[PDB]
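Here we start with a single chain on its own, the form solved without the ligand, put down as structure tokens.
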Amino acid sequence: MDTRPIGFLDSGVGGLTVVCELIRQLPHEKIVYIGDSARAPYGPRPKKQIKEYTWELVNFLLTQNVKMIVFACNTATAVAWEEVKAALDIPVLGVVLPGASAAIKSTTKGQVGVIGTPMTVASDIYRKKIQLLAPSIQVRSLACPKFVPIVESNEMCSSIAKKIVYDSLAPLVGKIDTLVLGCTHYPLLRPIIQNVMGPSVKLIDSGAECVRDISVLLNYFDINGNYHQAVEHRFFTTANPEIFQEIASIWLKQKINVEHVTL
């Protein structure tokens, strides 16, 4: 079998929710994760510098002998994904495309909403992808900048959190049939988000969608790992490993060890 691990690059701890999905869906696959906290916000950097940074993360992943690379950073995805994908021989994917495509396939009336980070909403990457494939679908994007913090502080059910989501999503209530959770933190607020949007709205989790694609892409490329096996993942971060495993150990429902590294 192909015992090489599937690598994940991200400018943060967010991509770990996709890793959770992966562990959930494909237990037997090895994982290598690189989070570049030290450099922080990618969004407000210059394109040239973001490609520099991304390639650094990609090259690090290559020297982990990964058989596939997954982009978890929307900024890295916006700026580099297509270039790196064209340059590499191994499969290279992001969560945006699958999120967009799922939203398209799932919209009832063509009223698609997408919430996310300020930078994500500022790049309007999701709308661009959606309409690039299905330009007749109406995309309404909304930034929800309180969501990440809430999530990262474990608190998804506080009465304050419930209020925050309630107020942050108001501009969309009653205006859309499907809402793309364009941030990897957001899967953790799903109950609340579904609740605030009503049983009428279809929630699209990009990370979960991405994982589904992985499954098909491992089969197509004949690079599946040992199904009877992973019990050996590797996590890396360029900054603050303490709080990394802190959040990681919570999300991954198990103690995981991080390795502070410097590219």
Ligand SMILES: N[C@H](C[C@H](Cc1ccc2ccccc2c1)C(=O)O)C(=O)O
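Numbering starts at 1 and runs along the sequence shown.
Visitor: Classify the number of deposited-sequence residues missing from the model between residue 229 and residue 230: none, 1 to 3, 4 to 9, or 10 or more.
Guide: Per the record, 1 to 3 deposited residues are absent between residue 229 and residue 230.
Visitor: Where do the C-alpha atoms have the higher mean temperature factor in this entry, in 219-227 or in 192-200?
Guide: Higher of the two, by average CA B-factor, is 192-200.
Visitor: Mean C-alpha B-factor higher for 254-262, or for 4-12?
Guide: The stretch with the larger average C-alpha B-factor is 254-262.
Visitor: Which of these, 59, 206, 37, 65, has its C-alpha atom at the highest B-factor, as the entry lists it?
Guide: Largest recorded C-alpha B-factor: 37.
Visitor: At the C-alpha atoms, which of 184, 101, 153, 75 reaches the highest B-factor in this entry?
Guide: Out of 184, 101, 153, 75, the record gives the largest C-alpha B-factor to 153.
Visitor: Ranked by Cα temperature factor within the chain, is residue 30 in the lowest third, the middle third or the highest third?
Guide: Its C-alpha B-factor, which the entry lists for residue 30, ranks in the lowest third among residues of this chain.
Visitor: Splitting the chain's C-alpha B-factors into thirds, which one does residue 149 fall into?
Guide: Answer is highest: the recorded C-alpha B-factor places it there.
Visitor: Sort the modelled residues of this chain by their C-alpha B factor and say whether residue 20 lands in the lowest, middle or highest third.
Guide: Ranked within chain, residue 20 CA B lands in the middle tercile.
Visitor: Just say lowest, middle or highest third for the CA B-factor of residue 106 relative to the other modelled residues in its chain.
Guide: It falls in the top third of the chain.
Visitor: If you rank the chain by CA B-factor, which third does residue 138 end up in: lowest, middle or highest?
Guide: CA B-factor rank for residue 138: middle third.
Below, we refer to the form deposited with the ligand bound, which is not included among the displayed structures.
Visitor: Overlaying the pocket C-alphas and bringing the ligand over as found in the deposited complex, would you call this site open, or blocked by 3+ ligand atoms sitting within 2.4 Å of backbone or C-beta?
Guide: Answer blocked: 3 or more ligand atoms come within 2.4 Å of backbone or C-beta.
Visitor: Mark residue 50 yes when one of its heavy atoms lies within 4.5 Å of a heavy atom of the ligand in the deposited complex, and no otherwise.
Guide: Yes - in the deposited complex, heavy atoms of residue 50 and the ligand come within 4.5 Å of each other.
Visitor: Does any heavy atom of residue 119 come within 4.5 Å of a heavy atom of the ligand in the deposited complex?
Guide: Residue 119 belongs to the contact set for the ligand.
Visitor: Can you work out whether residue 148 and the ligand are in contact in the deposited complex, taking contact to mean some heavy atom pair no more than 4.5 Å apart?
Guide: Because a heavy atom of residue 148 falls inside 4.5 Å of the ligand in the deposited complex, the answer is yes.
Visitor: Answer yes if any heavy atom of residue 57 is within 4.5 Å of a heavy atom of the ligand in the deposited complex; otherwise answer no.
Guide: Contact with the ligand, yes.
Visitor: From the list 73, 181, 96, 130, which entry has a heavy atom within 4.5 Å of the ligand in the deposited complex?
Guide: None of the other options qualify; the answer is 73.
Visitor: Hey, of 160-168, 106-114, 136-144, 73-81, which bit sits against the ligand in the deposited complex at 4.5 Å between non-hydrogen atoms?
Guide: Stretch 73-81 is the one.
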